[PDB]
>>> print(open('run-v3.cif').read())   # mmCIF, C-alpha atoms and all ligand atoms; chains and numbers go by the auth columns
data_entry
#
loop_
_atom_site.group_PDB
_atom_site.id
_atom_site.type_symbol
_atom_site.label_atom_id
_atom_site.label_comp_id
_atom_site.label_asym_id
_atom_site.label_seq_id
_atom_site.Cartn_x
_atom_site.Cartn_y
_atom_site.Cartn_z
_atom_site.B_iso_or_equiv
_atom_site.auth_seq_id
_atom_site.auth_asym_id
ATOM 1 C CA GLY A 1 8.220 -3.769 -12.993 0.00 286 A
ATOM 2 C CA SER A 2 5.195 -4.094 -15.268 0.00 287 A
ATOM 3 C CA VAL A 3 1.420 -4.445 -15.000 0.00 288 A
ATOM 4 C CA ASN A 4 -0.240 -5.384 -18.286 0.00 289 A
ATOM 5 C CA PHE A 5 -3.080 -6.653 -16.114 0.00 290 A
ATOM 6 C CA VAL A 6 -4.498 -4.706 -13.170 0.00 291 A
ATOM 7 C CA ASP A 7 -2.685 -6.071 -10.113 0.00 292 A
ATOM 8 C CA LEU A 8 -1.265 -2.841 -8.657 0.00 293 A
ATOM 9 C CA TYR A 9 -4.037 -2.672 -6.030 0.00 294 A
ATOM 10 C CA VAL A 10 -3.071 -5.675 -3.911 0.00 295 A
ATOM 11 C CA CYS A 11 -1.995 -6.131 -0.317 0.00 296 A
ATOM 12 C CA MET A 12 -1.661 -8.766 2.417 0.00 297 A
ATOM 13 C CA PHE A 13 -4.385 -11.338 3.100 0.00 298 A
ATOM 14 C CA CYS A 14 -5.989 -8.516 5.110 0.00 299 A
ATOM 15 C CA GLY A 15 -9.198 -7.039 3.696 0.00 300 A
ATOM 16 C CA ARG A 16 -12.106 -9.138 4.969 0.00 301 A
ATOM 17 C CA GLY A 17 -14.515 -6.532 6.300 0.00 302 A
ATOM 18 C CA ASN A 18 -11.444 -4.341 6.739 0.00 303 A
ATOM 19 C CA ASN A 19 -10.383 -0.724 6.438 0.00 304 A
ATOM 20 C CA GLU A 20 -9.237 -1.092 2.776 0.00 305 A
ATOM 21 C CA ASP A 21 -10.998 2.170 1.811 0.00 306 A
ATOM 22 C CA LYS A 22 -7.822 3.756 3.225 0.00 307 A
ATOM 23 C CA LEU A 23 -5.408 1.297 1.586 0.00 308 A
ATOM 24 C CA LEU A 24 -2.327 3.216 0.480 0.00 309 A
ATOM 25 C CA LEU A 25 -0.951 3.044 -3.052 0.00 310 A
ATOM 26 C CA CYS A 26 2.659 3.933 -3.839 0.00 311 A
ATOM 27 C CA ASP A 27 3.763 5.986 -6.879 0.00 312 A
ATOM 28 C CA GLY A 28 3.567 3.155 -9.397 0.00 313 A
ATOM 29 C CA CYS A 29 4.597 0.041 -7.510 0.00 314 A
ATOM 30 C CA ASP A 30 2.734 -3.232 -6.994 0.00 315 A
ATOM 31 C CA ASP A 31 3.468 -2.452 -3.363 0.00 316 A
ATOM 32 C CA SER A 32 0.168 -0.980 -2.135 0.00 317 A
ATOM 33 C CA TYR A 33 -0.230 -1.494 1.610 0.00 318 A
ATOM 34 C CA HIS A 34 -2.651 -0.496 4.352 0.00 319 A
ATOM 35 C CA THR A 35 -1.230 1.918 6.951 0.00 320 A
ATOM 36 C CA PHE A 36 -1.602 -0.784 9.602 0.00 321 A
ATOM 37 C CA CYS A 37 -0.188 -3.412 7.219 0.00 322 A
ATOM 38 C CA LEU A 38 3.347 -2.109 7.821 0.00 323 A
ATOM 39 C CA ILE A 39 4.796 -1.323 11.250 0.00 324 A
ATOM 40 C CA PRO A 40 2.540 1.797 11.387 0.00 325 A
ATOM 41 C CA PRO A 41 3.644 5.244 12.674 0.00 326 A
ATOM 42 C CA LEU A 42 1.537 6.427 9.763 0.00 327 A
ATOM 43 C CA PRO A 43 -2.242 5.972 10.261 0.00 328 A
ATOM 44 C CA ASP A 44 -3.732 9.175 9.012 0.00 329 A
ATOM 45 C CA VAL A 45 -4.785 8.896 5.339 0.00 330 A
ATOM 46 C CA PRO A 46 -2.006 10.885 3.556 0.00 331 A
ATOM 47 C CA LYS A 47 -3.455 13.549 1.261 0.00 332 A
ATOM 48 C CA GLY A 48 -0.105 13.794 -0.500 0.00 333 A
ATOM 49 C CA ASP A 49 2.200 11.042 -1.750 0.00 334 A
ATOM 50 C CA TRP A 50 3.294 8.005 0.256 0.00 335 A
ATOM 51 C CA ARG A 51 6.149 5.581 -0.433 0.00 336 A
ATOM 52 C CA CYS A 52 6.170 1.797 -0.066 0.00 337 A
ATOM 53 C CA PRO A 53 8.726 0.146 2.321 0.00 338 A
ATOM 54 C CA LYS A 54 10.971 -0.562 -0.658 0.00 339 A
ATOM 55 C CA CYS A 55 10.881 3.013 -1.906 0.00 340 A
ATOM 56 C CA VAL A 56 11.526 4.597 1.502 0.00 341 A
ATOM 57 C CA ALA A 57 14.642 2.483 1.916 0.00 342 A
ATOM 58 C CA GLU A 58 16.133 3.375 -1.474 0.00 343 A
ATOM 59 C CA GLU A 59 15.037 6.685 -2.989 0.00 344 A
HETATM 60 ZN ZN ZN B . -3.357 -4.685 3.835 0.00 401 B
HETATM 61 ZN ZN ZN B . 7.109 2.175 -4.090 0.00 402 B
#
>>> encode(input="run-v3.cif", output="structure tokens")
Amino acid sequence: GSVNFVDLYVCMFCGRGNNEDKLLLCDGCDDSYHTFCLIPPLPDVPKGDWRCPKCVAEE
């Protein structure tokens, strides 16, 4: 709901020598997740806008 400090770029413990250069960031949530970090039907880096699990449920 607020990010006075930069935390909006986090995700699961994933990331060690991982694909994070493709890590997806939602509109303005602290819900950034890798394609494969969700149940993924999605891996193709979206050029447009992608929604976090929360957002897709209620939007
Ligand atoms: Zn991840
Ligand atoms: Zn979101």
>>> atom_distance(input="run-v3.cif", atom1="CA of residue 316 (chain A)", atom2="CA of residue 289 (chain A)")
15.7 Å
>>> closest_residue(input="run-v3.cif", among="A:324, A:341, A:290, A:330", to="residue 304 (chain A)", atoms="all atoms listed in the file")
A:330
>>> residues_near_point(input="run-v3.cif", point="(7.0, 3.1, -8.5)", cutoff="12 Å", atoms="all atoms listed in the file", output="PDB file with C-alpha atoms, in the frame of the given file")
ATOM      1  CA  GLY A 286       8.220  -3.769 -12.993  1.00  0.00           C
ATOM      2  CA  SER A 287       5.195  -4.094 -15.268  1.00  0.00           C
ATOM      3  CA  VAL A 288       1.420  -4.445 -15.000  1.00  0.00           C
ATOM      4  CA  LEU A 293      -1.265  -2.841  -8.657  1.00  0.00           C
ATOM      5  CA  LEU A 310      -0.951   3.044  -3.052  1.00  0.00           C
ATOM      6  CA  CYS A 311       2.659   3.933  -3.839  1.00  0.00           C
ATOM      7  CA  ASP A 312       3.763   5.986  -6.879  1.00  0.00           C
ATOM      8  CA  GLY A 313       3.567   3.155  -9.397  1.00  0.00           C
ATOM      9  CA  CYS A 314       4.597   0.041  -7.510  1.00  0.00           C
ATOM     10  CA  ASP A 315       2.734  -3.232  -6.994  1.00  0.00           C
ATOM     11  CA  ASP A 316       3.468  -2.452  -3.363  1.00  0.00           C
ATOM     12  CA  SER A 317       0.168  -0.980  -2.135  1.00  0.00           C
ATOM     13  CA  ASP A 334       2.200  11.042  -1.750  1.00  0.00           C
ATOM     14  CA  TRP A 335       3.294   8.005   0.256  1.00  0.00           C
ATOM     15  CA  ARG A 336       6.149   5.581  -0.433  1.00  0.00           C
ATOM     16  CA  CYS A 337       6.170   1.797  -0.066  1.00  0.00           C
ATOM     17  CA  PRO A 338       8.726   0.146   2.321  1.00  0.00           C
ATOM     18  CA  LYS A 339      10.971  -0.562  -0.658  1.00  0.00           C
ATOM     19  CA  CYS A 340      10.881   3.013  -1.906  1.00  0.00           C
ATOM     20  CA  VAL A 341      11.526   4.597   1.502  1.00  0.00           C
ATOM     21  CA  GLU A 343      16.133   3.375  -1.474  1.00  0.00           C
ATOM     22  CA  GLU A 344      15.037   6.685  -2.989  1.00  0.00           C
TER      23      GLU A 344
END
>>> atom_distance(input="run-v3.cif", atom1="CA of residue 308 (chain A)", atom2="CA of residue 331 (chain A)")
10.4 Å
>>> residues_near_ligand(input="run-v3.cif", ligand="ligand ZN 401 (chain B)", cutoff="9 Å", atoms="only C-alpha atoms and all ligand atoms", output="list in words")
residues 295, 296, 297, 298, 299, 300, 303, 304, 305, 308, 309, 317, 318, 319, 320, 321, 322 and 323 of chain A
>>> closest_residue(input="run-v3.cif", among="A:342, A:306, A:291, A:326", to="ligand ZN 402 (chain B)", atoms="all atoms listed in the file")
A:342
>>> axis_aligned_box(input="run-v3.cif", around="region 322-336 of chain A", padding_each_side="5 Å", output="lines of an AutoDock Vina configuration file")
center_x = 0.7
center_y = 5.2
center_z = 5.5
size_x = 20.9
size_y = 27.2
size_z = 24.4
